[PDB]
Amino acid sequence: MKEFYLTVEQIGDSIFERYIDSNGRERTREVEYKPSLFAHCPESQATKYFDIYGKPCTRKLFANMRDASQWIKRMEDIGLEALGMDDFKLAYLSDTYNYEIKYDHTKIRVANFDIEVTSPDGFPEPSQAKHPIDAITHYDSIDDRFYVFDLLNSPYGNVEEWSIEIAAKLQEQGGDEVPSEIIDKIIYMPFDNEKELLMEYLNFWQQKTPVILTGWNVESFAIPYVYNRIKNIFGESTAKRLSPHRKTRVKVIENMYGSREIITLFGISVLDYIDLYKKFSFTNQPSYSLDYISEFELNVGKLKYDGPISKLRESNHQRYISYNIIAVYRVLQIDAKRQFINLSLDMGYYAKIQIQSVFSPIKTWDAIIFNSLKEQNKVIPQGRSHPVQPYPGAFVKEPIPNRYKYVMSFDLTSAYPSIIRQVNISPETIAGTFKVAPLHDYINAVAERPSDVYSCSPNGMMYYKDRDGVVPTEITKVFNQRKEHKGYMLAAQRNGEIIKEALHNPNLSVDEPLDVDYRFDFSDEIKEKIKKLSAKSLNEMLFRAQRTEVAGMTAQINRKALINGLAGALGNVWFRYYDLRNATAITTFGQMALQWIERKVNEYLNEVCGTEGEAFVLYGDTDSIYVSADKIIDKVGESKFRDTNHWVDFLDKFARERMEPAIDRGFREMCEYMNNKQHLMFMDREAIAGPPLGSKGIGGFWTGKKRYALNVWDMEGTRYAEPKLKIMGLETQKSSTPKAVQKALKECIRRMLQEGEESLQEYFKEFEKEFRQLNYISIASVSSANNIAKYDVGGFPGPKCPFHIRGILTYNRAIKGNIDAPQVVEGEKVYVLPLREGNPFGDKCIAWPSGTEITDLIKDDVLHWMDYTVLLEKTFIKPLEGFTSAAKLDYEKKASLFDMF
DNA sequence: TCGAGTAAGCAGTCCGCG
DNA sequence: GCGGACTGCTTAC
Ligand SMILES: O=c1ccn([C@H]2C[C@H](O)[C@@H](COP(=O)(O)CP(=O)(O)OP(=O)(O)O)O2)c(=O)[nH]1
Ligand SMILES: [Mg+2]
Ligand SMILES: [Mg+2]
Ligand SMILES: [Mg+2]
Ligand SMILES: [Mg+2]
Ligand SMILES: [Mg+2]
């Protein structure tokens with residue numbers, strides 16, 4: 001096989017690299033890498049190296065990496081640009097792996113671990129590590145085994161060995177229900193003291209050194225805990241055995257208000273799964289505890305135990321160890337579904353970076369562009385300092401608040417990367433400027449044509465047309481990867497709907513799910529077999545289709561996030577290619593494009609309908625338009641349609657055959673107007689929305705910008721078995737809204753859009769009557785909690801104290817002097833409840849850590865003093881009032897002259 | 001919340017508004 | 001009571 005790196009580090013004048021060799025074996029080497037950097041030279045000086053602008057450069061070969069760094073400093077002292085890749089390990093990878101890396105994941109050691117630490121005096125601080133580590137479960141991907149290190153003797157209790165037989169048993173048998181598929185994969189090691197446990201763990205770590213290290217909060221908790229505990233017990237040199245090069249650094253992570261410490265293990269790539277999840281999942285969760293996330297992702301029940309975790313080991317060591325094992329497996333189960341590790345490896349190897357650098361689009365793109373330029377013997381510019389400056393972004397159209405019955409939407413494929421490619425926006429393609437007219441003049445095509453030579457953006461910028469910039473070239477490559485994976489995702493989605501249809505009429509038989517590839521549209525043969533399958537088999541197929549869809553989503557959305565990150569990176573001062581001319585060229589062209597196509601679609605629809613000056617486009621945001629199709633529907637008349645699917649087909653056909661050619665003609669004219677390199681403004685039909693045929697549903701509504709709901713029947717080629725609500729921005733979509741309230745508001749919306757006013761009034765009346773029975777957690781608001789100290793004046797709210805911070809302070813007084821009570825963590829999330837006047841807590845609300853039951857110290861007092869009235873008005877009624885007045889509807893029945901009967 | 005960007009919505013505090 | 005100035009939080013894109 002072709003070789004590939006595992007990890008790379010610079011340590012002084014040496015590169016330390018772990019890698020897989022041509023025979024598929026892991027090796028390590030130390031290389032005295034001689035880096036090169038560059039300086040501009042005279043024209044007369046013969047060279048093959050040129051900066052991105054075509055100015056000649058001489059290569060400076062250094063005796064070592066420290067000489068190279070020192071040279072960069074002196075060039076600053078002199079006042080001269082020092083060109084080239086200043087991160088030497090990135091240049092090393094480029095030289096050493098001068099080809100597209102093809103990696104084999106089966107050779108990469110991926111370690112997933114979790115530790116347990118009993119603590120009677122509060123949260124065990126990883127920087128202190130004053131309490132014994134009493135359990136470690138460490139899954140190794142190469143062995144496919146869970147290694148369990150169990151501490152039997154501790155100052156906090158001596159315990160008996162853990163029993164695998166009881167672990168496997170049902171909870172209804174007094175067992176722990178450790179999943180049977182991992183039982184044979186557990187290698188259990190009890191220890192009589194902590195020192196033996198830790199020395200054996202380090203010997204194990206030496207034999208099976210992680211390349212990729214993950215788990216849940218491993219970077220902020222487990223890794224610093226283990227390191228500092230070992231350091232405390234044995235000293236530094238032993239703790240540094242966690243690094244294969246025996247080098248570690250304490251790293252300070254600084255935020256807006258405060259800072260924390262982590263431990264960098266040189267030669268390991270730590271990818272904390274909580275952080276992978278936050279970056280790649282595109283959710284915002286009320287809580288990030290593993291139980292919460294696991295439940296959300298897998299629909300697995302919460303790990304039940306009695307008492308606090310701090311007394312769990314001594315009261316039920318059996319369950320304690322089982323739950324530590326299950327904790328490790330849950331992260332693996334999430335990964336099987338989300339595939340964020342696979343993603344990270346793909347992106348990391350593509351860019352040629354340390355895999356942990358995937359968290360940084362700036363680092364990722366710097367590497368990609370460096371490698372691309374290096375191939376043409378071009379030399380990257382030095383990074384420079386820039387003051388942060390605000391700059392303009394997208395246009396969002398102000399919608400008229402209303403119900404909207406029939407709606408069709410259109411959206412530009414990868415808007416910003418497409419603009420980059422079309423305009424040829426790049427650091428080295430800047431050709432000059434032209435005199436700018438007001439944006440509205442370009443939108444209405446009355447402004448003077450910017451250029452007859454160069455490709456233009458309405459911000460005043462001009463770009464070369466003879467050759468693609470490096471930014472268009474490289475953004476294109478990742479876009480095509482994105483496009484491929486989106487294809488698989490959509491095919492999996494469409495296949496899902498086929499399965500859902502067949503489920504309505506399943507066969508009464510015993511059989512098996514079909515062996516198929518859900519990334520491709522089902523053949524007719526497959527479709528026929530599907531109609532003859534059982535519910536059991538169909539549901540299993542649905543699950544597999546949906547997993548395939550998720551695999552596709554992960555791959556596509558995060559490649560889109562990567563290319564969109566490059567457009568944003570041009571407006572970040574730390575990016576090597578920061579330039580506000582280029583960032584604003586993108587965003588200003590986007591504004592023009594949207595408003596241009598708005599005018600074109602309006603002009604076209606007025607023409608087909610025979611009207612004049614009427615607004616068909618009701619809304620748009622960044623790169624989308626929402627088109628009212630009432631008039632298109634009315635032109636044939638609702639009476640002509642057999643069923644809902646009939647008018648959906650008609651609208652689908654009208655968009656593809658009439659509107660999209662008009663849209664394409666409109667954008668081609670704009671392309672020529674701007675003299676752009678390549679026409680790439682492609683505005684695919686997204687949604688077809690309206691009420692069920694013959695119903696009293698309203699179809700959709702807007703309340704304002706970025707706030708709307710639609711009853712969708714078809715989403716870019718996916719025809720739904722059951723209509724799907726597309727709700728954007730409304731309270732049903734905010735993590736701050738109580739769970740039960742999200743659900744109730746969504747049903748209210750479903751009824752509005754599908755069934756009409758009376759149905760909505762029926763549901764509201766019922767919800768208002770029963771809601772006080774709802775579980776307190778389901779009706780608690782959620783908020784992030786920053787700057788708790790700032791608003792704390794002697795345990796009481798200071799001036800301008802936010803409502804949720806007020807709640808935390810109320811909580812803090814109520815649990816004061818309890819080092820056992822759960823503490824609210826600065827920067828994390830809390831549940832929030834209003835409290836009735838005259839409550840014993842002495843304030844109008846209380847807050848407690850999100851994802852958890854409130855401590856039994858105060859629970860039933862909270863339940864007794866909950867202000868359901870305020871809770872209802874604030875979270876449910878006020879938002880519902882917003883929805884209904886926008887939609888010109890009433891949630892409560894108005895009195896009629898009929899009432900006199 | 002270490003980690004590409006801007007636009008913009010709503011909750012809440014403080015305080016004017018004769 | 002509402003709304004503007006403001007902070008805080010969250011979402012759409
Ligand atoms: O996090 C973001 C989201 C969007 N955009 C900018 C850049 C985006 O290009 C633009 C529009 O965003 P969408 O329409 O939502 C996604 P796109 O158009 O890229 O790709 P498809 O529509 O799925 O094909 O807004 C960003 O700069 N950052
Ligand atoms: Mg645990
Ligand atoms: Mg788009
Ligand atoms: Mg699309
Ligand atoms: Mg069937
Ligand atoms: Mg969009």
Side-chain angles (χ1 to χ4, degrees), chain A residues 219-220 251-262 271-272 274-276 278-280 282-284 286 288 356-366 388-398 411-412 414-416 560-575 577-578 580 582-584 586-588 590-591 594 619-624 703-708 726-737 781-787 790-791 797-807 825-830 832 844-845 874-875 878-879 882:
Chain A
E219 183 176 76
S220 62
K251 196 183 188 178
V252 62
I253 308 293
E254 292 186 13
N255 74 82
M256 231 137 59
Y257 327 89
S259 72
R260 62 190 184 92
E261 296 189 328
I262 64 160
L271 315 171
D272 196 337
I274 195 178
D275 294 329
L276 288 174
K278 280 166 183 176
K279 183 176 164 71
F280 295 135
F282 291 93
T283 67
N284 193 3
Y288 290 86
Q356 67 269 27
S357 282
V358 300
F359 287 112
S360 166
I362 277 154
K363 181 59 98 178
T364 304
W365 281 114
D366 198 42
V388 177
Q389 239 281 349
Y391 72 94
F395 172 82
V396 187
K397 180 183 175 70
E398 189 72 69
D411 189 284
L412 285 174
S414 298
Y416 281 15
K560 169 170 83 182
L562 186 60
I563 59 185
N564 284 355
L566 175 58
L570 293 162
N572 175 291
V573 304
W574 300 111
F575 192 42
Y577 308 102
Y578 170 81
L580 248 40
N582 286 350
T584 62
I586 299 164
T587 68
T588 312
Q591 288 204 17
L594 181 41
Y619 183 64
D621 182 342
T622 311
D623 73 332
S624 66
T703 83
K705 293 177 171 180
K706 304 182 184 289
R707 283 180 62 89
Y708 62 94
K726 179 184 176 63
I727 305 163
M728 306 310 300
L730 308 191
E731 279 77 5
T732 57
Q733 311 307 112
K734 298 160 80 82
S735 60
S736 46
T737 304
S781 297
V782 181
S783 187
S784 276
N786 307 309
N787 288 309
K790 183 185 268 190
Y791 294 104
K800 275 154 207 172
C801 184
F803 184 89
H804 64 290
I805 306 300
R806 180 178 293 266
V825 180
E826 161 79 27
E828 301 195 6
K829 296 184 184 192
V830 292
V832 187
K844 71 184 168 161
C845 57
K874 269 156 55 164
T875 69
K878 204 196 211 286

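Below, chains carry the letters A, B, ... as their sequence lines are ordered, and counting in each starts from 1. Atoms considered below: every heavy atom in the structure, side chains included; atoms not considered: hydrogens, waters and symmetry mates.
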Per-nucleotide protein contact string for nucleotides 7-13 of chain C (B base, S sugar-phosphate only, - none; heavy atom under 4.0 Å): SSSSSBS

Sugar-phosphate, base or nothing in reach of A:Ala567, heavy atoms under 4.0 Å: nothing

Main-chain N/O of A:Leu271 paired with A:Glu219 side-chain donor or acceptor, under 3.5 Å: no

Euclidean distance for P, C:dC13 against B:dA4 (whole angstrom): 24 Å

Sugar-phosphate only, base, or nothing, as touched by A:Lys251 at under 4.0 Å among non-hydrogen atoms: nothing

Listed partners of A:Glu826 passing side chain to side chain contact (heavy atoms under 4.5 Å, CB included), at least two apart: A:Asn786, A:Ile788

A:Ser360 (side chain) donor-acceptor with A:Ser357 (main chain) under 3.5 angstrom: no

Touch class at under 4.0 angstrom, heavy-atom based, for A:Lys560 against every strand present: nothing

Which residue lies more 5' along DNA chain B, comparing A:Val396 with A:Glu826 via nearest heavy atoms: A:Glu826

Span that lies between the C1' atom of B:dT1 and that of C:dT10, in whole angstrom: 14 Å

Donor-acceptor pair, side chain of A:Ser624 and main chain of A:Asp411, under 3.5 angstrom: no

Pucker class of B:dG5, from the sign of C1'-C2'-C3'-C4': north

Atom pair OG/CD1 of A:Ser220 and A:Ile253 - distance to nearest 0.5 Å: 10.5 Å

Sugar-phosphate, base or nothing in reach of A:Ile362, heavy atoms under 4.0 Å: sugar-phosphate

Check: A:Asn787 and A:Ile805 side chains under 4.5 Å, non-hydrogen atoms: no

Donor-acceptor under 3.5 Å (A:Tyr619 side chain, A:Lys706 main chain): yes

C1'-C2'-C3'-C4' based pucker assignment for B:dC14: south

Nearest-nucleotide 5' precedence on DNA chain B, A:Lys878 against A:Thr587: A:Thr587

Sugar-phosphate, base or nothing in reach of A:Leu570, heavy atoms under 4.0 Å: nothing

Short side-chain to backbone donor-acceptor contact, A:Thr622 and A:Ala394, under 3.5 Å: no

Sugar-phosphate only, base, or nothing, as touched by A:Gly571 at under 4.0 Å among non-hydrogen atoms: sugar-phosphate

Ring pair (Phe, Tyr, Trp, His ring centres under 6.0 Å) involving A:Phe359 - partner list, sequence neighbours excluded: none

Qualifying residues under side chain to side chain donor-acceptor pair (under 3.5 Å), relative to A:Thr364, sequence neighbours excluded: none

Touch class at under 4.0 angstrom, heavy-atom based, for A:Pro879 against every strand present: nothing

Touch class at under 4.0 angstrom, heavy-atom based, for A:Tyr391 against every strand present: sugar-phosphate

Sugar-phosphate only, base, or nothing, as touched by A:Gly565 at under 4.0 Å among non-hydrogen atoms: base

Sugar-phosphate, base or nothing in reach of A:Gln591, heavy atoms under 4.0 Å: nothing

Working for side-chain contact (heavy atoms from CB on, under 4.5 Å), residues A:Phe575 and A:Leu566: CA-CA 9 Å; A:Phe575 192 42; A:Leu566 175 58; 3.7 Å; yes

Helix axis bend for the helix from B:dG5-C:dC13 to B:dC17-C:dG1 - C1'-based end axes, five pairs, 10° rounding: 30°

Side-chain donor/acceptor of A:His804 to backbone N/O of A:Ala785, under 3.5 Å: no

Contact interval (first through last nucleotide) of DNA chain B with protein chain A, 4.0 Å heavy-atom: B:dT1 to B:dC14

